[PDB]
Asker: 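Here it is, the structure in full.
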Amino acid sequence: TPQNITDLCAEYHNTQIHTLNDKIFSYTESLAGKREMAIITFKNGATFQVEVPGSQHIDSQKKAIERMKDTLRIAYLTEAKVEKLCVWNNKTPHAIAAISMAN
Amino acid sequence: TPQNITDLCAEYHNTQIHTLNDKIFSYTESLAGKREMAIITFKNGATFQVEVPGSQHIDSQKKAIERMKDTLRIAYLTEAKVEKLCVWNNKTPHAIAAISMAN
Amino acid sequence: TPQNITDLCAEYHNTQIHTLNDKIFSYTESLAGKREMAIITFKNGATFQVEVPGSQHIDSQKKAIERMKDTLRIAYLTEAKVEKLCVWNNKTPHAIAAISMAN
Amino acid sequence: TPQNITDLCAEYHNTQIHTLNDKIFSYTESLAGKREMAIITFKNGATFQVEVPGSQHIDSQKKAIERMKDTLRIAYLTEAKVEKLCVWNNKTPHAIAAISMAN
Amino acid sequence: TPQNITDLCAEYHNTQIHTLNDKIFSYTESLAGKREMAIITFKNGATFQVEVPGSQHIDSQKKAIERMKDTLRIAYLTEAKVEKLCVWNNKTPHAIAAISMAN
Ligand SMILES: CCNC1C(=O)C(=O)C1NC(COC(=O)NCCCCCC(=O)N[C@@H]1O[C@H](CO)[C@H](O)[C@H](O)[C@H]1O)COC(=O)NCCCCCC(=O)N[C@@H]1O[C@H](CO)[C@H](O)[C@H](O)[C@H]1O
Ligand SMILES: COC(=O)NCCCCCC(=O)N[C@@H]1O[C@H](CO)[C@H](O)[C@H](O)[C@H]1O
Ligand SMILES: COC(=O)NCCCCCC(=O)N[C@@H]1O[C@H](CO)[C@H](O)[C@H](O)[C@H]1O
Ligand SMILES: COC(=O)NCCCCCC(=O)N[C@@H]1O[C@H](CO)[C@H](O)[C@H](O)[C@H]1O
Ligand SMILES: CCNC1C(=O)C(=O)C1NC
């Protein structure tokens, strides 16, 4: 299995790594119908989403999407430094596939 | 997808943005039948609810309503500044649709 | 919907408000069969329970009872001041219906 | 209902109170098959388990077992003093039925 | 049942104990399809995974897999010392079976 987020990200099409090495600057979450999603930004302005669950997701990703939003909220609150994000770049904002945290 | 809470709010009828830039002053939660909801206030008296789940909501919103109540509780206990709330203004207290947190 | 815990409490029979304005002195939780409950106390000796889910509870209350125990746990560990409790005073210990936290 | 852990404990057979008045020294958790359990120890060497869910447990206990492991984890990480444990003493290590935290 | 992680680890084939006695250096999690997993590293370079739920796991392990990722995340964020990891060494990175935390 992948040793790290870079190797993981390279298993998928339409993905790229973002190297932030910074805490999350803003955390937004919505319960509005058809927009049950989270959005994060970094101080430089870069913005990322956790997509609404949809037909592009297999069933096993549903639990992981929920975990990711949990992760991002606690990371935000604790000011944890985000090392990298693996994202799908065929979406706007780019859609988070994975996160790594390291100080 | 929207890039921010103001753009997400504009996708819906009966909504408005409240810009708080302050921590939550009080957090109330109830398990009473037909009033399984949360209510928050800010120092200025502005009061908001997470609605009881009902026939207005679609299935995808159920998990999101639960997550929002989680978010408000931890925001309250950590003293996190709430930047904005997107709310439906056809309810009293105004009903939370989305929240943004920023330093 | 109610704007605050006092008005919420007044919608129900057999309830009262307790004003504590104090942190929780003790937190107790059990997984013993038929006693899957939580008990909290304050330094003045006031004792409250989160009832075991029963026939008095409607389906919508189930997730809220679980959330309440979550809330009491974290409130205890963070030493959060409890403002008021809305309780059913037709049970001993009085049974928690709602909680407000402020100050 | 019981007002405290000692009275609760006394409603069951094969139980005893252990008085710790101390934080948890170690926390261990496993996902290995048939050993999906938690183990905690105290600096006096006392060791306790949250048992693997089994045929002895009624349905209402399943959620409470999960909650207890959540509680022990957070108690460990926050260095919360454990007052007492109600345990079943017909298991080795003794099996937790209830926990009280104070002081 | 086992009283500690070493004894629990010994009950399984293809396992070994790693003694870290250190906080987690990095925490990675993914929601990408078929890679819904977590990876952790330590400053000595040691890398470990929580495997994707698969046909090697029994039902009872599914909740525990989810709990382990929760535990790792919060351990990382609180800089909790990890004492030992019980792992399967027939996977690369070695796959976490159990964790012990102690001061
Ligand atoms: C009802 C299913 N039984 C059991 C349990 O849940 C449990 O522990 C059960 N049985 C225990 C072990 O019993 C035996 O070893 N029995 C076999 C040997 C018996 C020799 C006698 C014999 O041959 N009798 C013959 O039996 C035949 C039928 O086979 C005929 O009837 C014939 O007529 C007769 O002569 C016994 O354990 C107890 O005494 N236990 C206390 C009660 C436990 C009830 C459930 C419970 O509350 N368990 C508790 O759950 C907690 C979690 O909620 C904790 O896990 C506690 O540790 C746990 O006790
Ligand atoms: C005996 O078991 C039951 O079915 N009781 C149900 C009768 C109808 C329930 C009426 C009711 O509102 N009970 C009330 O429920 C509350 C929980 O929601 C509290 O437990 C109050 O103490 C109880 O008076
Ligand atoms: C984790 O491994 C297990 O719990 N079980 C697998 C061990 C079984 C391998 C050896 C084997 O095939 N034993 C065979 O089991 C069969 C049932 O399946 C029959 O009882 C055979 O008589 C026995 O020789
Ligand atoms: C023994 O009987 C069972 O209940 N079997 C269920 C299937 C699992 C048997 C094979 C097995 O033990 N695989 C082992 O699973 C572990 C997870 O639990 C790890 O993935 C190990 O790398 C793998 O070798
Ligand atoms: C059939 C003999 N037994 C086994 C085998 O082959 C395995 O692998 C076994 N069990 C752990």
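So that the names make sense, note that chain A is the first sequence line, chain B the second, and so on, each numbered from 1.
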Asker: Which atoms of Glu11(D) come close to chain C, meaning under 4.5 Å heavy atom to heavy atom: side chain ones, backbone ones, both, or neither?
Answerer: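 The answer is the side chain of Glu11(D).
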
Asker: With side-chain contact (heavy atoms from CB on, under 4.5 Å) as the test, would you mind laying out the steps for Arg67(D) and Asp70(C) before giving the verdict?
Answerer: CA-CA 9 Å; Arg67(D) 177 184 296 284; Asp70(C) 294 345; 2.7 Å; yes

Asker: Can you tell which of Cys9(D), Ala102(D), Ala97(D) has the highest number of heavy-atom pairs within less than 4.5 Å of chain C?
Answerer: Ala97(D)

Asker: Considering heavy atoms only, which positions within residues 17-37 of chain C lie below 4.5 Å of chain D?
Answerer: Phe25(C), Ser26(C), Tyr27(C), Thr28(C), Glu29(C), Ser30(C), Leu31(C), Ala32(C), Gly33(C), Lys34(C), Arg35(C), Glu36(C), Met37(C)

Asker: Let me know if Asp59(D) has heavy atoms under 4.5 Å from chain C in its side chain, its backbone, both or neither.
Answerer: neither

Asker: With a 4.5 Å cut-off on heavy-atom pairs, point out which of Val50(D), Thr71(D), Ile5(D), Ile96(D) contacts chain C the most.
Answerer: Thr71(D)

Asker: At a heavy-atom separation under 4.5 Å, does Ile65(D) approach chain C through its side chain, its backbone, both, or neither?
Answerer: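 When you check distances to chain C, atoms from both the backbone and side chain of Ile65(D) fall under 4.5 Å.
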
Asker: How about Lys43(C): does its NZ atom have over 12 heavy atoms from other parts shown lying under 6.0 Å from it?
Answerer: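 No, the 6.0 Å shell around NZ holds no more than 12 heavy atoms from other groups.
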
Asker: Checking an interface table here. Which of residues 73-95 of chain D come within a heavy-atom distance under 4.5 Å of chain C?
Answerer: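 Those residues of residues 73-95 of chain D which have a heavy atom under 4.5 Å from chain C are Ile74(D), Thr78(D), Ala80(D), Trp88(D).
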
Asker: How many angstroms lie between atom OG1 of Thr1(D) and atom CD1 of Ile39(C), to the nearest 0.5 angstrom?
Answerer: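 Going from OG1 on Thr1(D) over to CD1 on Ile39(C), the span is 6.5 Å.
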
Asker: Heavy-atom distances under 4.5 Å only: say whether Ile99(D) touches chain C with side chain, backbone, both or neither.
Answerer: both

Asker: Where on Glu66(C) is there a heavy atom nearer than 4.5 Å to chain D: the side chain, the backbone, both, or neither?
Answerer: both

